[PDB]
Structure formats: C-alpha cells, structure tokens
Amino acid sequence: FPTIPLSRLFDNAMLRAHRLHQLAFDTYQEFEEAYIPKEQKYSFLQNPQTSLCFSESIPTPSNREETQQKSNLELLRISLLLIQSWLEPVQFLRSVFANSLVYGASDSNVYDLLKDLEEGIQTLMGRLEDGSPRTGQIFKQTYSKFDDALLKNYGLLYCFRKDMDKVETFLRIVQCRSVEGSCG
C-alpha cells in the first residue's frame, strides 16, 4: 500500500504548527493592546508570579547554537511534549477566545489542531530513526502540568504564543535537515 513520503508528512505538520502559532500570536496581540499597558506588560515580565510558564519544566533550547546541537529525535520529542502540555490548559483560554475577533480561536478548534499536530509528530518520530540514544531528560515525559484574572489570562496567553513559536521553530529545524530542498 502507499507510503506517505516524509516530504508531505512534514509539509502538513508545518501547516498545523504554523496555524497554531498564528492563532496564538494574533489572539495574544489583540488581548494585549486592549487590556495590557506597558506599565503592566513590564510588571508582568519583571515579577516571576506573572512570568514563568508551566511549560518551562521541559528543557528546551534557548538560542540557535543550542537548538542546532540537538538531534532530530530530541527536537521532535521536546516538540511533542510542548504540544501535549497544552492539550488540557487551552480549556482556560475558552473565556478569552470566545471574545476574540480572530477567526479560528476557540478552545474546540485549537484543541483539534493540537490533537492533529500531535499525531503527526508521533508519525514523524516513527519514520525518523536518526541515531539518537533514547534517554533520561526529554525521554522523561514531563508534559508540563499547569496549576487577578486579567493577568492570569495574559500569562496563559503569553506562554501559548511562545510555546507555539518554539514548536514551529523546532519542527522547521528537523524538516530542513530531513527533507532536502525544503529550505534550500
């Protein structure tokens, strides 16, 4: 029967990663310029109550240099654990997404994309057997958990925007190495 080639496998996963990130970005940015002043945007980042994200329990590369020194199975694993970590917490953005003029932002729609992109990365871990010793950190499946309300919702939304940017970057790094002629 037909094999779906890695080319299309990667290509559809990036449609999803990219829609998830575009949704997190646009929805965050319209919430920000309606309810957060810079006064508060800074107070938030400044103070750890409103800065750390529950997803931070997963070790992720922070810059390019570290990102490129990770293997394909490691970047796909970090990517999978970041998506698995948003499967339940997107429930708490229901109240923020329902008042969003962004077409597509809805807990039911975003959960659907997270669940489909999750199947894809698993499909990619089954094809991409690319050397990696499967061990310990990152191969401990800590999908990150999650324990006023305006800043509560801005924190969830700040971390969604970021973790979606991480998933989008991390899948592109392994598509660029796996599928030649993808990036150039």
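Counting begins at 1, following the sequence as shown.
Problem - Missing from the model but present in the deposited sequence, between residue 147 and residue 148 - result: In the deposited sequence, 4 to 9 residues between these two have no coordinates.
Problem - Greater mean Cα temperature factor according to the PDB record, 110-118 or 86-94 - result: The deposited B-factors put 86-94 ahead on the C-alpha mean.
Problem - Greater mean Cα temperature factor according to the PDB record, 52-60 or 36-44 - result: In the deposited entry, the stretch with the higher C-alpha B-factor mean is 36-44.
Practice task
Just grab whichever of 123, 27, 67, 141 has the top CA B-factor as deposited.
Solution key: Of 123, 27, 67, 141, 141 has the highest C-alpha B-factor.
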